[PDB]
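# Notes for the structure review
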Amino acid sequence: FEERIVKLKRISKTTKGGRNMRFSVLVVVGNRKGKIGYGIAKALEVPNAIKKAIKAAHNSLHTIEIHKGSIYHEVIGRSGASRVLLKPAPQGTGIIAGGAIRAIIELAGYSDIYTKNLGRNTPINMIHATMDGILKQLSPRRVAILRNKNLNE
Amino acid sequence: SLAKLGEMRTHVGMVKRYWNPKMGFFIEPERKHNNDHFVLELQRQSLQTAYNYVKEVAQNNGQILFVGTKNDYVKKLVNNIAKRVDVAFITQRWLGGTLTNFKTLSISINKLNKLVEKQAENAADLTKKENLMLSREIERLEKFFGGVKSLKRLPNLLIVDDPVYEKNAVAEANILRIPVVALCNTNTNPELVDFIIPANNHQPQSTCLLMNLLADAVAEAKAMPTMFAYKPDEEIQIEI
Amino acid sequence: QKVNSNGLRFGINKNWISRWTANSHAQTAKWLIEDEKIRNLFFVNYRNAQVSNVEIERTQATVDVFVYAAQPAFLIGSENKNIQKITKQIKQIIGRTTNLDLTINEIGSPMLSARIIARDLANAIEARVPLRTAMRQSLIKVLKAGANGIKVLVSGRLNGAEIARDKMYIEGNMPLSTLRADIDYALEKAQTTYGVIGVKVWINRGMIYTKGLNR
Amino acid sequence: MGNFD
RNA sequence: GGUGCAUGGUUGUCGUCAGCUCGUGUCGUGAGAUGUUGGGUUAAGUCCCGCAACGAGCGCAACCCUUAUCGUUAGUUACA
RNA sequence: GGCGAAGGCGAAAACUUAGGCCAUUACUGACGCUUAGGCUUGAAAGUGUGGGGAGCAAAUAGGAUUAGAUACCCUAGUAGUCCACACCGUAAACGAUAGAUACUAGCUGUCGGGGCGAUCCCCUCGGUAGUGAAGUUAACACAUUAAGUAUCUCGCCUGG
RNA sequence: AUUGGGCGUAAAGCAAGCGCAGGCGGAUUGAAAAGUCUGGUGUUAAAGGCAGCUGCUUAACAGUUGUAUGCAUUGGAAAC
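The numbering shown runs from 1 along each chain in the order of its written sequence and may not match that of the entry; residues for which no coordinates exist are omitted. Whichever chain is written first becomes A and whichever ligand is written first becomes 1, with later ones labelled in order. A larger assembly contains the chains shown, yet all values here describe just the shown part. By convention in this description, side-chain values take in all heavy atoms of the structure and omit both hydrogens and water.

To continue, consider the sheet that holds strand β3 (residues 102-103) of chain C. Residues and elements named next belong to chain C. Only strands that DSSP links by at least two bridges are regarded as paired with each other. Counting from the N terminus, the helices are DSSP H or I runs at least four residues long and the strands are E runs at least two residues long. If you walk across this open sheet you meet the three strands as β1-β2-β3, and the pairing is mixed. One side of each edge strand has no neighbouring strand; the edge strands of this open sheet are β1 (51-58) and β3. Across two bridges, strand β2 (residues 63-69) lies against β3 in parallel orientation. Counted as the bridge partner of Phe 66 is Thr 103 from β3. Its contacts with the sheet put helix α2 (residues 28-45) on β1 and β2, and the angle it makes with β1 is roughly 160°. Contacts: residue pairs with any heavy atoms within 4.5 Å of one another. Whenever a helix is involved, its axis is fitted only over the stretch in contact; in every case the axis is a line through C-alpha atoms, and angles between N-to-C directions fall within 0 to 180 degrees.

Following this line, the structure appears as structure tokens:
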């Protein structure tokens, strides 16, 4: 599809004889329909690292049902003292988030939600926090099933 | 029908008070003699469920693999089952990257097949030292791969004889979406296992009977009649 | 400090580059620079020649000319313009008594000729083609035809001082403790406004086991 | 899913 | 006439020691471990039973040459 | 190993006594948590009055160490090192976990009481210890003596 | 950092205890009246915001209409 890149961490490993250069790359894959995956790749060349990370992300796909581009109830993504709060938005207002969070939101499929990261700003931590937030949502039919009445009131 | 009781004389007993509360659903009373005792109704229901699933996957007509690394009695037993039931088997330590990855060992199985066809063609096309070296290579390859040579695609179903010592295999199976049945000894994690068989497996006297029952359950796929679960004769047991 | 594999495998595993001999220390230097003259002329003066190797055999004012080029369309070509000019120039540069009588015959799809691979890498380099795509193209063109191990190195600038990117790439089979590992090699000096880039390529021509002879 | 057949 | 504090090329060095990587998969939010991580053997990562790992590349050894043994083609400008 | 609010408390006693723990089927009935202020002690050293200096040893000296020996060892030696009065209140005064009421996987070792009842174990009320789930914490790691989720009151943190 | 942080090793638990006020605190019956909600009169000026109109070529802006934040206040609503 499109697969924007979000982080290009220039890193290396220092051993005897100096620092072997091997940088890391962050990618996120999605169909804009619910399926989401993310991938980390360390390599000494860019394109092979991108391919490896894309494959890894494609090997960890998962879908989420949609509520007209918004989230119907507040969720906060707990991740290593770095939490992102998600507050419901009206029926269509446009995207509002930080760059990595943004690309995450429009690749997931959503188009309107209030986002705010709390704490640090390490990209993978916000990625995991957003994953926790979106995963911990349950549909209204879910709570309908857990209760005797299975229907919208 | 099924689920006979009288012959199954030894089905309980477990190591000294290492049970986990996750198996407490299967221990109703309290035991004072440092052991455990299951309930026959639950194990008959589990046996029926296991029979249902194995007959379903036999109607699937897929591929099955057995694994085993603990006491050699179980090893030789599953070898027998392998030569009673056409199935792959493993006689040594389970190898990682076997079910979570296929190419890594598919290439090795293809190399073993290449060696097999080379040996089929070669009768006097090699020197002395290299012939013995290649025979030893064949032996080393079949030490881990000899049983597992009939699989050309990711396996549909396996079983687990001991969830404790082969936790690597059950974890790799749980990583993938394909199921697996386990001879669940008490204190094991039930969340990893999808079909639970609550019977003794550390002792061989129960493991042999359970293995024979599952072999009979899977043997119907060949139009080859069952051996036990309908025969009044008692099973054999010899140890010293 | 490493040894040259190409020179390592000469004399025992391949036919000779120049296997003639005459009286020594009387004129040997003259003839051994005169053959290098045509060697350099085919290696530099015609970038489209794609000559695989050079073979000169001199014997008392009688010389045979062995010329193997992957691209014959610029030595004979149309209206025979190239042959007369180059032969007259070579006759001027070697003497007016000998006979040339060159022979041309193509080799079997030289995707194992390291020399033309170095030529193509240069044609990329003076074209300012980036290293990565050029080396991928060369690796594809050498490997997809069907052959054994290759390894390529480039030494020098990449449009910038303080060289930080000069790597080694090997993607095949190449032993070094076995003379029975016949291989082809090329070293070339590409020219850029920033300097000279040394490109080296080794392409394995397979293992020649159970031969035990030099022809 | 018990229904691969 | 310059500047190896731009370069190619070649060479010294640790050292003819023996280690350095990669592919696939895994644990870890990450660095990174992972193979290479324990023991038996020499010069060795030489090999092997292992061990969430299976393999591949370089490393040396083999075929390369010389010498110490004999069979044979040749007995000359050496034997006589 | 046990008590002690903390530090600490080990030869033998008698005395005045202090706080627990366990069944409390008895009694009273919200009197229970905290408590900035105010008070109770306070490891060691030191201070000012009496014993003593047996050993010890800050300081001082002498002898070797290296260009250097105010330190590294040996000889002695200065008060103090205890028992009584009045101080001084600082400790890495450490479980680096403020003080109480809940609940939550297990497993093992260990002290007291009750009945059981030779020691050996079966339970209960408790304290003292490791192991180790979910769960939590950045990680180390914590866990029935929470750093888990709760809640209450006093203090502290907003860069060296 | 109430809403929206912490105090084991990153800055941070007073070395502890006895401990006034001060904040809390098992359960019920009944009256309650300080909070909690329903009611309007006084306001809370107007302007300023918020929305709708009117006009200067629309806008700037000006005006118009209502819009609310707080205490009296008299009925009542009974769990905290």
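What follows covers the UniProt feature "domain: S5 DRBM" in chain A. UniProt positions are given in the numbering used here, feature names are shortened, and annotations may be inferred rather than shown by experiment. Per the UniProt record, "domain: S5 DRBM" is found at residues 1-64 of chain A. Annotation note: span residues 1-64 of chain A, helix share 20%, strand share 45%, distance between end C-alpha atoms 18 Å.

This brings us to the protein's contact with RNA strand F. Surveying the vicinity of RNA strand F reveals the residues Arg 78, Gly 80 and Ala 81 of chain A together with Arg 17, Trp 19, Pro 21 and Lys 32 of chain B. Residues are classed as near a molecule or strand on a simple rule: at least one heavy atom within 4 Å of it. The sugar-phosphate backbone supplies 100% of the atoms of RNA strand F found within 4 Å of the protein. Contact distances for RNA strand F include 3.3 Å between a phosphate oxygen and a backbone N or O atom of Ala 81 of chain A. Taking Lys 32 of chain B, its side chain carries an N or O atom lying 3.4 Å from a sugar or linking oxygen of RNA strand F. For the purposes of these results, a polar contact is taken to be a pair of N or O atoms within 3.5 Å, where, inside protein, one atom must be able to donate a hydrogen and its partner to accept one; residues adjacent in sequence count only when each atom of the pair is a side-chain atom.

What follows deals with the arrangement of the chains. Take the two pairs of chains in contact: the one carrying the most contacts is chains B and D. The two units chain B and chain C never meet; even their closest C-alpha atoms stay 14 Å apart. When C-alpha atoms are compared, chain C and chain D, though not in contact, are closest at a spacing of 42 Å.

This part takes up the pairing of strand β3 (residues 18-21) of chain A. All names here are of chain A. When strand β2 (residues 12-15) meets β3, the two strands line up antiparallel, connected through four bridges. Each residue of the ladder has a partner; that of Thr 14, found in β3, is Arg 19. Counted between consecutive antiparallel strands, the loop separating β2 from β3 contains two residues, among which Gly 17 sits at a positive phi close to 85°.

A word on the protein's contact with RNA strand E. If you check the shell around RNA strand E, you find 45 residues, and the closest are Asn 101 and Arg 136 of chain B together with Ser 155, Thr 178 and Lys 200 of chain C. Take the atoms of RNA strand E that sit within 4 Å of the protein: sugar and phosphate atoms are 75% of them. At 2.6 Å from a base nitrogen of RNA strand E is found a side-chain nitrogen or oxygen belonging to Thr 178 of chain C. For the surface near RNA strand E, the secondary structure elements donating two or more residues are β2 and α3 (123-135) of chain A, α3 (103-121), α4 (128-145) and α5 (167-175) of chain B together with β7 (195-204) of chain C. Considering each element in turn, the surface near RNA strand E owes the most residues, four residues, to α4 of chain B. Only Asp, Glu, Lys and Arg are considered charged in this grouping, and only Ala, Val, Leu, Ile, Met, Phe, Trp, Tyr, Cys and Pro are considered nonpolar; every other residue, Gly among them, is considered polar. Broken down by class, the residue content of the surface near RNA strand E amounts to 13 nonpolar, 18 polar and 14 charged.

Moving on: the interface of chain B and chain D. Contact with chain B, which involves four residues of that partner, is made by five residues of chain D. For the pair chain B and chain D, the summed buried area comes to about 320 Å², and 49% of that belongs to carbon and sulfur atoms. Defined in terms of a 1.4 Å probe, buried area is the accessible area two parts forfeit on being brought together, summed over both. A per-residue breakdown of the area chain B buries against chain D is headed by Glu 56, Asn 60 and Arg 177 of chain B, which together make up 72% of the total. We count a salt bridge whenever a side-chain nitrogen from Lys or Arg sits within 4 Å of a carboxyl oxygen from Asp or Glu. Our enumeration of links across chain B and chain D arrives at zero salt bridges.

Nonpolar side chains tend to gather and get buried jointly when the protein is soluble and globular. Residues and elements named next belong to chain B. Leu 65, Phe 145, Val 148 and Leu 151 are the most contacted members of the largest nonpolar core, which has 23 residues in total. Listing elements by their share of this core, those giving two or more residues are α3, α4, β2 (157-160), α5 and β3 (180-182). In this structure, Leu 151 is in contact with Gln 63, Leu 65, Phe 102 and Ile 109, ignoring residues within four places of it in sequence. If you look at the next biggest cluster of nonpolar residues, it comprises 21 residues, including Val 78, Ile 81, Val 85 and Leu 214. Residues enter a nonpolar core if they are buried and are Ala, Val, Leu, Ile, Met, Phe, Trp, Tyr or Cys, with the set joined through side-chain atoms within 4.5 Å. The classification of residues rests on relative accessible area computed with a 1.4 Å probe and restricted to protein chains. Under 20% of the type maximum is buried, over 50% is exposed, and intermediate values are partly exposed.

Time to look at α3 of chain B. Residue and element names in this part refer to chain B. Here α3 spans 26 Å end to end across 19 residues, near enough to the 27 Å set by a 1.5 Å rise per residue. Buried within α3 we find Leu 105, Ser 106, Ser 108, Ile 109 and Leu 112. Relative to the axis of α3, the buried residues are bounded by an arc of 160° and lie together on one face. In α3, the exposed positions that point more than 90 degrees away from the buried face belong to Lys 103, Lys 114 and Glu 121. Where the residues of α3 are buried, they touch α4. A helix is expected to span 1.5 Å multiplied by its residue count minus one. By construction, the arc corresponds to the directions joining the helix axis to the C-beta atoms.

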